[PDB]
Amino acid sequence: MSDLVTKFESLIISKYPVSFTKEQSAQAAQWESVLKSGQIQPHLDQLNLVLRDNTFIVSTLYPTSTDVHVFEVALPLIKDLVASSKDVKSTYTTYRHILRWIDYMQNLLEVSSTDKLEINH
């Protein structure tokens, strides 16, 4: 139970009838296992790789619960590493895929401007 999930469920695109392939189901499954392990931080480079080639985490047309769940944990993680970065900078060029995905999800779910990660562009 979270505010972010509640707001996602209030959107129309929430109710679309996506049918996962085995590969998609495997992908949603592995991200929930990472969430359950509490190890999203070690898996951020994997996340960035997924997002390099996929707009949303489970290769969908619209964001799914996987996106929201991973986003809720990843957001504070990412804005910490931006704030603790030695090279503004390199962090941005490297993790740009998580950053564009963060920017989509935070705006979709109407995250407060105070809690929002400011994207440079």
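The first residue of the sequence shown is number 1, and the count goes up from there.
In at least a third of the other PDB entries of this protein that model the residues around it, residue 13 has no coordinates. Stretches 34-42 and 77-85 differ in mean CA B factor, with 77-85 having the higher one.
When the mean C-alpha temperature factors of 88-96 and 59-67 are read from the deposited coordinates, 88-96 comes out higher.
For residue 109, the recorded CA B-factor ranks within the middle third of the chain. Only modelled residues enter the ranking.
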